[PDB]
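Below is one structure; the comments refer to it alone.
What follows is calculated from the coordinates using simple rules that are stated; it is not laboratory data. Note: ideal-geometry Cβ built from the backbone for every residue, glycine included; neighbour counts use all protein chains shown.
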């Protein structure tokens, strides 16, 4: 019965984590900021600095 | 962000600009008089109310736009008196009463002067302005050859990265004179001199790899 | 009294700005390019559409900017897009879609109702194409005047011939001509022994206009 | 655009009628005597400070509104002096000192709009009457071609101004015949055929770039 | 002491002009109709409301204008609407909606309280729509009398066909006419061999009038 | 559709541009009554525009 879908009677929350590990290197260090090489505009819309 | 002196004989700024409390701007308030001209000081911008007194508002905006007052002046007027206000009052910008808070922040940033420094590279005390092409140290001009500067800026712009002589030859000595690595050391020897030991900590050397730059604390 | 130009692909002023109908200031519309500079004539105001596309409006104001002498250039955004509104667009005002009729009219009257400055010990006349330095007579013909003016206008900005061909020349570019060398030497000789150090050569990259002193 | 003379016991256009300073019009100042009537010239309005002198102000109006003074004559007065302003003044219009910028704009377009010419410019001998589309140069008219007359003025009103033929292309041809701009050189001949050595030098040539207009001295 | 007739649908003279009650002039109101110009009796002046609508107010100022004899026509507009207020309304005096009582008194007491120029060898008589060129008889059609009239007062002024078209005709204005060519060819014929040098017709500059000598 | 496509008689085209007709929608929207009132308007013009309305 699709009521159960529209009601979400049987629906599940799915948390997940992506682990991002920036390490020490002879290249330097992987500075996680919004300093993106070659990035468009619509792709930064929901991103914080 | 801005220390703002409001010119109102009313005690509060919230009947004047209701959104103004919504920002962290520190709004000193002073009576709508000429004596408040002495109370300018280090006010970032002056807020002259001409919502009601357009004649004396014109007088006060002329007063804050005299021969030696660089503090930017805002006429805060009604909507039926915006057409009475133009560039004659010594102005660059004005604020309505229904100006929004993000609108207040935007127009206050625009009336103050954002204004980001050009290719002004900075590595510790050694700050480079490639524009004028000076790698000045603590304000004094520094004298490098054509190559040392471009050598230095590259490392300055890539401080910490462990470069190699073979690597550095390409981006400093271009695609030519492809042999003779030790040109680096002979040049490095001069670099480490004309830098001075006080900031040779910037210049790092690892055996068997070459040279680098290090950000100081 | 004014004509307003909207660099917009909305093809209509009232979806862009509702108040512009209530003002009798008449508006022509052109698509969102810099090339629509050829579209404008005696219009004293030009606006850039930046309501739905923010960085496109920033780039079009960057291209439409303060070059000469300058025309009132405007750009319109929403409220949450007011953070990217800065001085680096090239503006005199900011407008919103929530801007009213008397508000738009008064800001337009503010921009239309400032003066170029050219001092280096060196009288510069942008319209006159006249030059003076340490004396009234400093004969500057067209190629060296804008040339020197660019240098004096960019005092200390190390310039290379490559950088001058697209600015001092058109250009093709008919570059690598060395004509800057004879041009600068004339600028060196004509300006006389004094003020000959302002236009100094920085090797391997060209020259920069040393400021006075 | 329009020239105004301000007859006043004050020194500046700010205290007498402040909204002229709210305008991009050009207002000169003068004393409130009859000899200042010799200072009008090619102006378009003359505005007497009658805000204090009502009897002597109306006398200056009567000397200004005489037989052959074709410049439309004005007074500025207080609101308690408007009751003195009547048909026996001889004024064209009246303007309060509290009047707005656009208000004085519309009053000026009602009092102005002695038939001062719009596009009648005179560059020494080169008397370019664009109201008649004729240019007198040393008296005798210039029987240039239709598009030749345009080119001459575009060089004239840009006196001393050097441009490439492409820029000249936009001001003579516009959006047409982009390539092969040589005919401008031939059109320079069509200009010099009707100019002669008396002013054949007034159109300076610029080898490899274009030409220029020379201001006579 | 003045009867001021308001053509305004506000049903009260008060929001149209507030301070007029401070002066003991009488005000008689009616909606903004041309037929209420037949409602004028001993009215000394007439005010039209054009505060939000400049168009019908200007046209009503025009409707009054040129009728004669006439009673002078006044209007009230806004301050951002003073851009359209001009001499082309047929105004004798313009009022704002914030002008004071003694100000309105002075404007009224000013406004409510000769022959043609001779002669360019073309007299203009306004009765039968005809002129006189070195001779009593000069037949001019409905539009061949004002074409000479338009070039009469603007003697020496250059006017293009369209520039002439919208003042000489209504105009509509149609296109592909040569009506100027049909007229000026005809207006250069009924003027006889003499005074053929009264109109300047150089190629593609339009049709200017050349005054003697 | 702007009336310019109708390609009627030049009188008809100009005699409709005079009164402010700029589109065929406004023209055919003007009822047939709305169209004969035109000052100095020939009937053959009205016939050609009527057949254009009905057919086009």
Check: Do we find a residue being away from chain F (no Cβ under 14 Å), surrounded by 15 or more Cβ atoms within 10 Å (Cβ to Cβ) and closer than 22 Å to residue D:144 by Cα anywhere in the stretch E:188-198?
Finding: yes
Check: Does residue C:57 satisfy the condition of being within 11 Å of chain B (Cβ to nearest Cβ) and surrounded by 15 or more Cβ atoms within 10 Å (Cβ to Cβ)?
Finding: no
Notebook entry, point to check: What is the number of the single condition among (1) in a loop (DSSP other than H, G, I, E, B); (2) within 14 Å of another protein chain (Cβ to nearest Cβ); (3) touching a strand residue (DSSP E or B) at 6+ places or on another chain (Cβ under 6 Å) that residue D:76 does not meet?
Noted result: (1)
Notebook entry, point to check: Of all residues in the stretch D:143-171, how many are more than 14 Å from chain C (Cβ to nearest Cβ), within 27 Å of residue D:217 (Cα to Cα) and not in a loop (DSSP other than H, G, I, E, B)?
Noted result: 8
Check: Does the stretch F:32-44 include one or more residues that are in a helix (DSSP H, G or I), under 20 Å from residue E:175 (Cα atoms) and in contact with a helix residue (DSSP H, G or I) (Cβ under 7 Å, 6 or more places away or on another chain)?
Finding: no
Margin query: With the requirement that a residue be crowded, with 19+ Cβ neighbours inside 10 Å and over 26 Å from the mean Cα position of the chain (by Cα), what does the stretch B:3-16 give you?
Written below: B:7, B:8, B:13, B:16
Margin query: Would you confirm, using the coordinates I've provided, whether residue B:87 is more than 24 Å from residue D:102 (Cα to Cα) and at the interface with chain C (Cβ under 8 Å from one of its Cβ atoms)?
Written below: no
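Here is a yes/no grid of residues against (1) in a helix (DSSP H, G or I); (2) buried (at least 22 other Cβ atoms within 10 Å of the Cβ); (3) facing another protein chain (nearest Cβ under 10 Å):
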{"site": "B:66", "(1), (2), (3)": "no, no, no"}
{"site": "B:70", "(1), (2), (3)": "no, no, no"}
{"site": "B:83", "(1), (2), (3)": "yes, yes, yes"}
{"site": "B:94", "(1), (2), (3)": "no, yes, yes"}
{"site": "B:103", "(1), (2), (3)": "yes, no, yes"}
{"site": "B:116", "(1), (2), (3)": "no, no, yes"}
Item checked: the stretch E:109-124, subset touching a strand residue (DSSP E or B) at 6+ places or on another chain (Cβ under 8 Å) and within 10 Å of another protein chain (Cβ to nearest Cβ), residue farthest from residue D:109 (Cα to Cα) -> E:112
Checklist line | Residue within the stretch B:200-210 that is under 20 Å from residue B:134 (Cα atoms) and in contact with a strand residue (DSSP E or B) (Cβ under 8 Å, 6 or more places away or on another chain) present | finding: yes
Note to self: Show me the strands (runs of 3 or more DSSP E) entirely contained within the stretch E:85-171 in which 1 or more residues are in contact with a helix residue (DSSP H, G or I) (Cβ under 9 Å, 6 or more places away or on another chain) and closer than 20 Å to residue E:62 by Cα.
What the structure shows: E:93-96
Check: So, of the residues in the stretch D:37-57 that are over 24 Å from residue D:105 (Cα atoms) and not in a loop (DSSP other than H, G, I, E, B), which turns out to be nearest to the chain's Cα centre (by Cα)?
Finding: D:38
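This table checks each residue for (1) over 19 Å from residue E:2 (Cβ atoms); (2) within 14 Å of chain D (Cβ to nearest Cβ).
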| site | (1), (2) |
| --- | --- |
| E:83 | yes, yes |
| E:96 | no, yes |
| E:100 | no, yes |
| E:107 | no, yes |
| E:126 | yes, no |
| E:142 | yes, no |
| E:147 | yes, no |
| E:169 | yes, no |
Margin query: Give me the residue from the stretch C:71-81 that is within 13 Å of chain B (Cβ to nearest Cβ) and surrounded by 15 or more Cβ atoms within 10 Å (Cβ to Cβ) and, out of that set, nearest to residue C:17 (Cα to Cα).
Written below: C:76
Margin query: Here's a check for you: in the stretch D:105-114, which residue that is within 10 Å of another protein chain (Cβ to nearest Cβ) and part of a loop (DSSP other than H, G, I, E, B) is surrounded by the most Cβ atoms within 10 Å (Cβ to Cβ)?
Written below: D:112
Next item on the list: Working carefully through the options B:136, B:140, find the one that is under 24 Å from the mean Cα position of the chain (by Cα), farther than 27 Å from residue E:81 by Cβ and either within 14 Å of chain C (Cβ to nearest Cβ) or surrounded by 17 or more Cβ atoms within 10 Å (Cβ to Cβ) (or both).
Entry: B:136
Margin query: Given the options D:19, D:40, D:50, name the one that is within 14 Å of chain E (Cβ to nearest Cβ), crowded, with 21+ Cβ neighbours inside 10 Å and over 28 Å from residue B:82 (Cβ atoms).
Written below: D:50
Next item on the list: Only residues that are more than 15 Å from residue E:33 (Cα to Cα) and in contact with a strand residue (DSSP E or B) (Cβ under 7 Å, 6 or more places away or on another chain): list them for the stretch E:60-73, please.
Entry: E:71, E:72
Item checked: Subset of the stretch A:24-49 [away from chain B (no Cβ under 14 Å), out of contact with any helix residue (DSSP H, G or I) (no Cβ under 9 Å at 6 or more places or on another chain) and part of a loop (DSSP other than H, G, I, E, B)] -> A:32, A:33, A:37, A:38, A:39, A:40, A:45, A:46, A:47, A:48, A:49
Next item on the list: Kindly provide the set of residues from the stretch F:1-31 that are more than 14 Å from chain E (Cβ to nearest Cβ) and in a helix (DSSP H, G or I), ordered by number.
Entry: F:5, F:24, F:25, F:26, F:27, F:28, F:29
Check: Taking the stretch D:22-37 as the search range and keeping residues that are within 14 Å of chain B (Cβ to nearest Cβ) and out of contact with any strand residue (DSSP E or B) (no Cβ under 7 Å at 6 or more places or on another chain), which one is surrounded by the fewest Cβ atoms within 10 Å (Cβ to Cβ)?
Finding: D:24
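Yes/no matrix, rows are residues, columns are (1) exposed (fewer than 15 other Cβ atoms within 10 Å of the Cβ); (2) more than 24 Å from residue B:92 (Cβ to Cβ); (3) away from chain B (no Cβ under 14 Å):
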| residue | (1), (2), (3) |
| --- | --- |
| C:10 | no, yes, yes |
| C:20 | no, no, yes |
| C:43 | no, no, yes |
| C:52 | yes, yes, yes |
| C:69 | yes, no, yes |
